[PDB]
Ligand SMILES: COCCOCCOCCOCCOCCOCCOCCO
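Next up is one chain by itself, shown in structure tokens, the form deposited without the named molecule.
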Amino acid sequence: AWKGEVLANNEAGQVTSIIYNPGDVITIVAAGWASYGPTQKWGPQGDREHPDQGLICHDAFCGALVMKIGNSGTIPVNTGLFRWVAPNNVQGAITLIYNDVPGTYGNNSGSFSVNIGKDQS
């Protein structure tokens, strides 16, 4: 299992110790509060009122938690995933990232606390 913090202001994303292999079943739980700029804060699902303009992951809101697995594209995590199996041919190390627009992470604040474990399979 891996536990750690994902800073909203970390454009590169936080690499985890988890290597996703074919067939693997994993669980992720994400909590806390962060911002893409405003004094207001949002949870891991982000700000459902913010537009999608140039976000790294078009499938989640601004300020959501997303991930990449190896060199996949971005995949939504949000609050987390229960006993989840990736699509065919997705494999590698799990990096977690705050969903925002490239070049705009400087004004971000806060962090999410995230756990990831491999489940029985």
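Start at 1 and count along the sequence shown; that's the residue number.
What comes next is about the form deposited with the named molecule bound, which is not displayed.
Problem set entry | in the entry with it bound, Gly73 touching the named molecule (heavy atom, 4.5 Å) | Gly73 belongs to the contact set for the named molecule.
Exercise. Quick one: is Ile26 in contact with the named molecule in the entry with it bound, heavy atoms, 4.5 Å cut-off?
Worked result: No - in the entry with it bound, heavy atoms of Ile26 and the named molecule never come within 4.5 Å of each other.
Exercise. Can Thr95 be called a contact residue for the named molecule in the entry with it bound at 4.5 Å between heavy atoms?
Worked result: So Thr95 counts as contacting the named molecule.
Problem set entry | Any residue of 1-26 that, in the entry with it bound, places a heavy atom within 4.5 Å of the named molecule | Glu11, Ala12 sit within 4.5 Å of the partner.
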